[PDB]
Each structure stands twice: as structure tokens, then as C-alpha cells.
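**Q** Below is a structure I'd like to ask you about.
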Amino acid sequence: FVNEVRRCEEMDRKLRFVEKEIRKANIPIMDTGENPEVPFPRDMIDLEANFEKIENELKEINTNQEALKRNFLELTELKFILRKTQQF
Amino acid sequence: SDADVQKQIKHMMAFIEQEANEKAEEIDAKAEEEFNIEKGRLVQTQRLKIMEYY
Amino acid sequence: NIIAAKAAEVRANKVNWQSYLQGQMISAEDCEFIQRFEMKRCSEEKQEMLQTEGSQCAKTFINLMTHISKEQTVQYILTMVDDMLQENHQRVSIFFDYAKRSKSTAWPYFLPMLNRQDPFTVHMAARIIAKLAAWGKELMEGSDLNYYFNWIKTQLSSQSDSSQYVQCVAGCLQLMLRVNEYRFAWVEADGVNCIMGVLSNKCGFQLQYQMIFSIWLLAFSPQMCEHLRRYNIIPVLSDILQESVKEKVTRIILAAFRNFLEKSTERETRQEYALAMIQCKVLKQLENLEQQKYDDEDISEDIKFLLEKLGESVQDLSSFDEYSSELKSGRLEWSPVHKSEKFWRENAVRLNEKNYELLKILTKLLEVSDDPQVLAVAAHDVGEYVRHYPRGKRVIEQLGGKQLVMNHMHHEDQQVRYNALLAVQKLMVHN
Amino acid sequence: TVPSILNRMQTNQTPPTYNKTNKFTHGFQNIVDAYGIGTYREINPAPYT
């Protein structure tokens, strides 16, 4: 069961990644209740797609948040630069 | 009881030998269609020459 | 399963034919023949008797099945005939010769047996009918074929001993579908939609394989590949291929899919099937199935064949002319072209053609469209256009399209909001 | 449908050794196990301990 375990190994790394992002953000993990296993049917693939969805959204949205913020800061500096240079 | 396990052994033995027949029916279905296709090709090859001759 | 167990009990539950002779249910010639037949046990002994006495052979079995009401006796006769045809299928010719001598088809001797109350009796008739009609040169036709198919469809619609009886029904259909004419007649039967219904009801894995083997037989013939499109096969079988674990089911679906893409009459029908497969996530499943390993390499060859044919379909779909045509037709419906990274990476500059005509369409669709799919997809396309052609940001601004995605990031549908958010974020990512 | 039932084995090597434990007994089993694990069917120091 190379693949099945390797998928679990990677899904655990994806869990750790999104969890580290959440813990850095200090967003509360709810930790409610206790749960059964996945079905034997291939539903782990839908779960894997959910892991990829969250990861890809974080990598994208984080990069965008940084880039957008950096642009806004540079343009704020440029607004002040233009207002002061308008004295000439 | 070991006898009830042995009923499952007999079932699993029959099941794999039935599965061999099911694969043999897949092989039969492939081979009979391909046999009719190859027979049809060989017939049509000479039949075309025969039609051109007449 | 049930019919084999009931047959083994019936083979033990023999009967004294002399009691039916004394009761006037059978002729002396029928009684003497069946009593000799119980004693002929070498293949040569059976051959000499059946070759010498073929008219009386058919007459005996036909009389003893037809006129007798006693189930255990008819069950035994049906068991002996099913065994006789299982030992050698060439014996079907004895019943056909007797039917021809009687100026009739063979079907009227056996079709009445499907009306009996006992499940084993009617399923043993279906088994013998399947052997008889599939191994015979005489064709089951019209009303006789319809009676057999309607009996099948009736038993199918019931869906455990009941399930094991239907496994015999599926086997009886599989044998019948050995004949090309009967397969094409079964495509004309709405019983294919019944099979799709039984699969959608998540029947046992045994029935999934036995039914899909029947679908795989239909999928072999180019003529049927064109006709059967109406039944939505690839969606149903793709759900089974994704959800079900069993290698048998997996193999026979991959074989059906290979038969569709190999055997279809048209490149367009192949593209219709391959597109439906890609839409039904089959390529993603095939890639996982390539990493899975098996005791039968035909599975892996079918995976490679399908992955290649779907790969060609992705290459066809990745044409900028198809992309252009879908935009001009407004068909922004997650056609796999939209998610083709290869297309966008290597072709995004092409949207500048005819004085930016495709971008004018994308922005006009973001202005005009109500459909959240068209909107989400047009936003996605604007996003990918910027992502792979950064000079395009100014072009979208010249078209005003930045404001449309900045409106649609607040659309009532999250799918629109998400793609509109991505698009405006790429438009705003740098100077 | 297959119940996957077992057969009891007879051609056996010496099995691993198990003991059930609870609050008042677990630590006592642990300090016994810490020197060594009893032979199969062997008298257990832990209850006397």
C-alpha cells in the first residue's frame, strides 16, 4: 500500500502546513468531539482535493496579501512624494 | 467452528475458479469478434478481386 | 450462489419417470429414453444415443418440461438439459432440428417456462434459453426476443437470494449478448437505461461487474458506439470507476472506455466520449490508477491507451480556435480548455488577435451575462490572461474590465466571487 | 458478505505476553516489566508486588 500510505504522509504534511498558518494567524482550532475513520470507498481523494484547495488558496491569497500591501505602501509613499514635489 | 471456515474456503476456491471462467468469457468475447473481423477482412480481400475479375 | 446450490440439491433430488408413465403424463418412448439417458454416462454413450435418437431426445425433454406441473421433476429435467448443453453446446442443434421437423422455431417450447411460479424453474429456463439462442444458428427475434428481454428487465427492476437470482439474470443476458444482433436489439431496448438505474442504486459489486461486462460487449461495436450515446454511460461508469475499489470492475470499465475511444465511428464521437471522460474527472482517476498496480497488465495498457487518447483530446481542446469558438458561442461552462495550464502558458498572447476581440468578448460577457458559470469562467480567463501575459493588464484596464471583476468579487455566487477575486488580484498585483 | 473468520493455530512459537491493568495495578505491572517481561503462562510478580 505504498500509494495509500504516501498519500496519508503528504496529507499529514498538508495538515501541518495549514495548521502552522492557522497557529501563526492565532485563528482558534475548534478541537470539538471525537470521530470515526474514512469509508473504504475512495472518498480520501475528495479529502485530498480539499487539502490541495486549502493549500493552494493559502499560497495564492498570502502572496496576493503581501503584494497588494507592498503596492499600497509604495503608492502611499508616492502620494506623499507627489504632494511634496508639487511645491516645485 | 473450523467446518464453517472450511465452507468459506470452498466458497473462495469456487469463486476464483468461477472468476477464471469469467476472464475466459472476456477472452472468448474478444477473440470471437476479432475472429469474425479477420475472417471478414480475408473474405473481402479475395471477394474484391473476384468482383473486379467478373 | 443460489442457482448452483439449488441445482446441486435438484441433481440429488432425482425422480422415478415410470410413475409419470403410469400417470399418463408422458409416452412410453419418453420414459424409456429419459431412463436410458440417466444411464448413458460416458461422452461416447451420450453421443451414440443423442446422434441416433435426436428427434425423440428433443421430444422427451420438451414433453417432460412442458406437460408436468410437479416442480422438482421439471427442475430436474431443466437441470439435466442445462448440464447437457454445459457438457457440450453443440447439442442445441438437436432441439433446433426437432423444431424444424415440427415446422416451428424452437422458442415456443421454452418461452412458456418463464411463466412458472418457482424462481429456480424460470431462471433455469433463462439459462437454457441463453445457451440455446446464443449457440444456435436460428435467431431469437421479434416477440420471442422481446419476451426474453422483458423477463430480464422485470427481474432487474426488482432490485439476498433475490439479488443472487438477478446475478443469474445478468449471466443469462451476458450469454445472450455474445450474439451481435441480440446486442444491437438490446441497444434498441430501454433495458440499458434500467442497467444505468441499477448501477445508480449502488447494487452489489458482483452485479456491477456483470452489468458493465454487458456494457463492454455493446461498446465493442462501432455502430452501437454511435447509437448508445443517449444512455449517459461514461458519467455512470466513471462514478463507479472512481467510487468502487474492485480490480474486476476497474478492468471492465477501462476496457469499455478503451472500446468506446477505439471503436467509435467518428473522431467527433471519440472526442464526445473523451470530453465526457475528462469532465467526469477520468484523467485524474487514470493517473491515480497508473500509480496503483495489478496482477493483469491489460489494466495498465488500457490506462495508458485512455491517458493518451484523453491527452489528444486535451491537445484538441487546447486549440485557440476551439477556445475562440467557445467564447463566440458563450459556452463558458468549465470546458477543460479553461484549466489547461499548457494553453494559457504557451498561447495567452493570442487573445490580442483581431484588435483584442477575445478580450472584448470576455469583458462583454462579464458586462452582459447573468450565468454565474459564464461569469466565473470569464473572470478565470481574465486572471490566466494576466498570469501568462502581464502586458495584458493595461489592455483589460483600457477595456474597463478591472471594474467588472471588482463588481463580481461581490456577486451572489461564491464561484463568481472567487474567480473574480483572483482576476482582480492579478490585475492589481504590480504596476 | 465474507465474515473473514479465523482458525486457532497449533504449531505455535511462544506468544507475546499480555496483562490487563488499571489505576491501582498499572504502575506495579510497569515496574515489573521494566526489569523483564514474564514468559508466557509464567507466574506474574505484579499482584504480589
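Following the order of the C-alpha cells, chains are lettered A, B, ..., residues in each are numbered from 1, and ligands are numbered from 1.
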Counting only C-alpha atoms, collect the residues of chain C whose closest atom lies at most 10 Å from chain B, and write them out as a list in words.
**A**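 Matching residues, ligands excluded from the count: residues 1, 171, 174, 175, 177, 178, 179, 180, 210, 213, 216, 217, 220, 221, 248 and 252 of chain C.
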**Q** For those residues, write C-alpha atoms to a file as an mmCIF file, in the first residue's frame.
**A**
```cif
data_model
loop_
_atom_site.group_PDB
_atom_site.id
_atom_site.type_symbol
_atom_site.label_atom_id
_atom_site.label_comp_id
_atom_site.auth_asym_id
_atom_site.auth_seq_id
_atom_site.Cartn_x
_atom_site.Cartn_y
_atom_site.Cartn_z
ATOM 1 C CA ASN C 1 -24.585 -18.737 -5.371
ATOM 2 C CA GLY C 171 -25.337 -14.068 -16.592
ATOM 3 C CA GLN C 174 -24.188 -11.908 -20.847
ATOM 4 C CA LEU C 175 -24.523 -15.226 -22.743
ATOM 5 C CA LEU C 177 -25.125 -10.666 -25.736
ATOM 6 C CA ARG C 178 -22.452 -12.986 -27.275
ATOM 7 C CA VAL C 179 -24.593 -12.501 -30.462
ATOM 8 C CA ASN C 180 -24.101 -9.148 -32.259
ATOM 9 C CA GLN C 210 -21.700 -8.472 -14.700
ATOM 10 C CA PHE C 213 -19.317 -6.599 -18.913
ATOM 11 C CA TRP C 216 -18.413 -3.566 -22.616
ATOM 12 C CA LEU C 217 -19.833 -6.018 -25.186
ATOM 13 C CA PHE C 220 -17.103 -3.181 -28.862
ATOM 14 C CA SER C 221 -19.218 -2.410 -31.985
ATOM 15 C CA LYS C 248 -12.610 -6.652 -11.855
ATOM 16 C CA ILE C 252 -14.038 -3.970 -17.379
#
```
**Q** Using backbone DSSP assignments, extract all alpha helix (DSSP H) residues from region 176-232 of chain C; output them as a VMD selection string.
**A** chain C and resid 176 180 to 188 191 to 200 205 to 219 222 to 227
**Q** Between CA of residue 427 (chain C) and CA of residue 60 (chain A), what distance in Å does the model show, to one decimal?
**A**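 Taking CA of residue 427 (chain C) as the start and CA of residue 60 (chain A) as the end point, the length is 13.9 Å.
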**Q** Taking only C-alpha atoms into account and nothing else, which residues of chain A lie no more than 10 Å away from chain C? Please answer as a PyMOL selection string.
**A** chain A and resi 1-4+40-43+45+57+60-61+63-71
**Q** For the atom pair CA of residue 385 (chain C) and CA of residue 55 (chain A), what is the interatomic distance in Å to one decimal place?
**A**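 Between CA of residue 385 (chain C) and CA of residue 55 (chain A) the gap works out to 22.8 Å.
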**Q** Could you please select, counting only C-alpha atoms, the residues of chain C within 12 Å of chain D and state them as number ranges by chain?
**A** C: 160, 204-206
**Q** Provide as an MDAnalysis selection string the residues of chain D at most 8 Å from chain B, counting only C-alpha atoms.
**A** chainID D and resid 2 5:7
**Q** What's the 10 Å shell around region 17-33 of chain D, counting only C-alpha atoms, without same-chain residues fewer than 5 positions away, as a PyMOL selection string?
**A** chain D and resi 38-42+44-49
**Q** Please identify all polymer residues within 12 Å of region 44-48 of chain C, counting only C-alpha atoms, omitting same-chain residues fewer than 6 positions from it, and present them as JSON, numbers by chain.
**A** {"C": [33, 34, 36, 37, 38, 54, 57, 84, 87, 88, 90, 91, 94]}
**Q** For those residues, write N, CA, C and O atoms to a file as a PDB file, in the first residue's frame.
**A**
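Listing of part-v3.pdb after writing:
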```pdb
ATOM      1  N   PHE C  33     -36.561 -43.397 -23.088  1.00  0.00           N
ATOM      2  CA  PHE C  33     -35.444 -42.519 -23.438  1.00  0.00           C
ATOM      3  C   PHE C  33     -34.848 -41.863 -22.192  1.00  0.00           C
ATOM      4  O   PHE C  33     -33.644 -41.970 -21.974  1.00  0.00           O
ATOM      5  N   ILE C  34     -35.647 -41.198 -21.350  1.00  0.00           N
ATOM      6  CA  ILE C  34     -35.071 -40.485 -20.204  1.00  0.00           C
ATOM      7  C   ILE C  34     -34.405 -41.458 -19.213  1.00  0.00           C
ATOM      8  O   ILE C  34     -33.340 -41.161 -18.672  1.00  0.00           O
ATOM      9  N   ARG C  36     -32.898 -44.403 -20.128  1.00  0.00           N
ATOM     10  CA  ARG C  36     -31.611 -44.685 -20.788  1.00  0.00           C
ATOM     11  C   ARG C  36     -30.638 -43.523 -20.622  1.00  0.00           C
ATOM     12  O   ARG C  36     -29.484 -43.755 -20.282  1.00  0.00           O
ATOM     13  N   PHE C  37     -31.090 -42.286 -20.804  1.00  0.00           N
ATOM     14  CA  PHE C  37     -30.253 -41.092 -20.700  1.00  0.00           C
ATOM     15  C   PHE C  37     -29.630 -40.937 -19.303  1.00  0.00           C
ATOM     16  O   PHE C  37     -28.467 -40.567 -19.186  1.00  0.00           O
ATOM     17  N   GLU C  38     -30.356 -41.287 -18.238  1.00  0.00           N
ATOM     18  CA  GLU C  38     -29.801 -41.324 -16.878  1.00  0.00           C
ATOM     19  C   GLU C  38     -28.688 -42.382 -16.709  1.00  0.00           C
ATOM     20  O   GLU C  38     -27.831 -42.238 -15.838  1.00  0.00           O
ATOM     21  N   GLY C  54     -32.147 -38.282 -31.907  1.00  0.00           N
ATOM     22  CA  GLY C  54     -32.276 -36.822 -31.723  1.00  0.00           C
ATOM     23  C   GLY C  54     -33.710 -36.266 -31.732  1.00  0.00           C
ATOM     24  O   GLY C  54     -34.061 -35.439 -30.890  1.00  0.00           O
ATOM     25  N   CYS C  57     -35.095 -37.369 -28.479  1.00  0.00           N
ATOM     26  CA  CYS C  57     -34.361 -36.613 -27.465  1.00  0.00           C
ATOM     27  C   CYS C  57     -35.043 -35.271 -27.185  1.00  0.00           C
ATOM     28  O   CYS C  57     -35.489 -35.012 -26.066  1.00  0.00           O
ATOM     29  N   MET C  84     -26.463 -30.937 -19.899  1.00  0.00           N
ATOM     30  CA  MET C  84     -26.216 -31.499 -21.223  1.00  0.00           C
ATOM     31  C   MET C  84     -25.624 -30.457 -22.185  1.00  0.00           C
ATOM     32  O   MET C  84     -24.642 -30.730 -22.876  1.00  0.00           O
ATOM     33  N   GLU C  87     -22.036 -29.490 -20.856  1.00  0.00           N
ATOM     34  CA  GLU C  87     -21.094 -30.541 -21.251  1.00  0.00           C
ATOM     35  C   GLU C  87     -20.662 -30.393 -22.716  1.00  0.00           C
ATOM     36  O   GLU C  87     -19.469 -30.489 -23.010  1.00  0.00           O
ATOM     37  N   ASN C  88     -21.595 -30.102 -23.630  1.00  0.00           N
ATOM     38  CA  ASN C  88     -21.276 -29.688 -24.998  1.00  0.00           C
ATOM     39  C   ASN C  88     -22.410 -28.843 -25.610  1.00  0.00           C
ATOM     40  O   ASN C  88     -23.508 -29.339 -25.869  1.00  0.00           O
ATOM     41  N   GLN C  90     -22.900 -27.926 -28.635  1.00  0.00           N
ATOM     42  CA  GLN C  90     -23.352 -28.408 -29.949  1.00  0.00           C
ATOM     43  C   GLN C  90     -24.705 -29.145 -29.895  1.00  0.00           C
ATOM     44  O   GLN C  90     -25.424 -29.200 -30.898  1.00  0.00           O
ATOM     45  N   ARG C  91     -25.107 -29.657 -28.720  1.00  0.00           N
ATOM     46  CA  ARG C  91     -26.408 -30.324 -28.518  1.00  0.00           C
ATOM     47  C   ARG C  91     -27.624 -29.416 -28.771  1.00  0.00           C
ATOM     48  O   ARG C  91     -28.701 -29.945 -29.031  1.00  0.00           O
ATOM     49  N   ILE C  94     -29.946 -30.412 -31.726  1.00  0.00           N
ATOM     50  CA  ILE C  94     -30.987 -31.446 -31.588  1.00  0.00           C
ATOM     51  C   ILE C  94     -32.369 -30.794 -31.411  1.00  0.00           C
ATOM     52  O   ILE C  94     -33.321 -31.137 -32.115  1.00  0.00           O
TER      53      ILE C  94
END
```
**Q** I'd like to know which of A:74, A:33, A:52, A:26 is closest to residue 13 (chain A), using only C-alpha atoms.
**A** A:52
**Q** Might you pull out every residue within 12 Å of residue 12 (chain A), with only C-alpha atoms counted and same-chain residues fewer than 6 positions away left off, and present them as an MDAnalysis selection string?
**A** chainID A and resid 5:6 18:19 47:48 51:52
